[PDB]
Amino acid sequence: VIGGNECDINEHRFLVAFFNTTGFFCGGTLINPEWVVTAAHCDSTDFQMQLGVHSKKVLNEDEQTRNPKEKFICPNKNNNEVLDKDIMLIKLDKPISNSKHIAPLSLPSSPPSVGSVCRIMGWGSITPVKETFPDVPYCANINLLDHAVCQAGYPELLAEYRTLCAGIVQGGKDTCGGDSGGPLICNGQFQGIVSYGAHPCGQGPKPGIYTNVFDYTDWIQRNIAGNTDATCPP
């Protein structure tokens, strides 16, 4: 995250860190005791999740480690299009209980509104060109922009992809390398998933692209109910 500051230690209880033995590589959102939502492109053959984390060096007392018991991506997703249905559901190998630094964030109940103020967060790079990874997660506020802005900046962004466009018109505040999979929270609602962006990060003509969570809520709920055979909207 660039153009921001260190997050408050209590404002990201739902933030999940994805890591392997090399380090953190993605973020995720705890939506209930046994489920985490992240980006499909954050999938890997071997990884674990750390909950209740703030600083990588100073352990939080209630920090928990979890493994992916089951993973779900849209059955009708085209694997050759990284921007097509970039969302993945993960069932934990063991449920977690609410604690000082751990609590779920509910699925959105209302669609995103252009012009709303949104917050981004993650352990991604805090510098635009060079890669500088912080020990603590950084936070920043940005605006939900008209989809036309991203359309003009990204020739690869097709109209059929269910995405949201966010940042500020002049650039300078944006997600960066390593923030993928994290939540985009607008008006207190989990509205998007960090999905795609450009490098250098924070270019005015190239705002961040986030997966529209609202559109996948029904699919998500059916998988949680036990209908892991459900398909995503075209």
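Numbering starts at 1 and runs along the sequence shown.
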Comparing 17-25 with 206-214, the higher average Cα temperature factor in the PDB entry belongs to 17-25
For 59-67 versus 175-183, entry-based mean Cα B-factors point to 59-67
Which of these has the highest Cα B-factor in the record: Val117, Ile126, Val129, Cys139?
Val129
Could you tell me which third, lowest, middle or highest, the C-alpha B-factor of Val82 occupies within its chain?
middle
Third of the chain, ranked by Cα B-factor, where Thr38 sits
lowest
If you rank the chain by CA B-factor, which third does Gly192 end up in: lowest, middle or highest?
lowest
Which third of the chain does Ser110 land in by C-alpha B-factor: lowest, middle or highest?
highest
Sorting the chain's modelled residues by C-alpha B-factor and splitting them into thirds places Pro75 in the middle
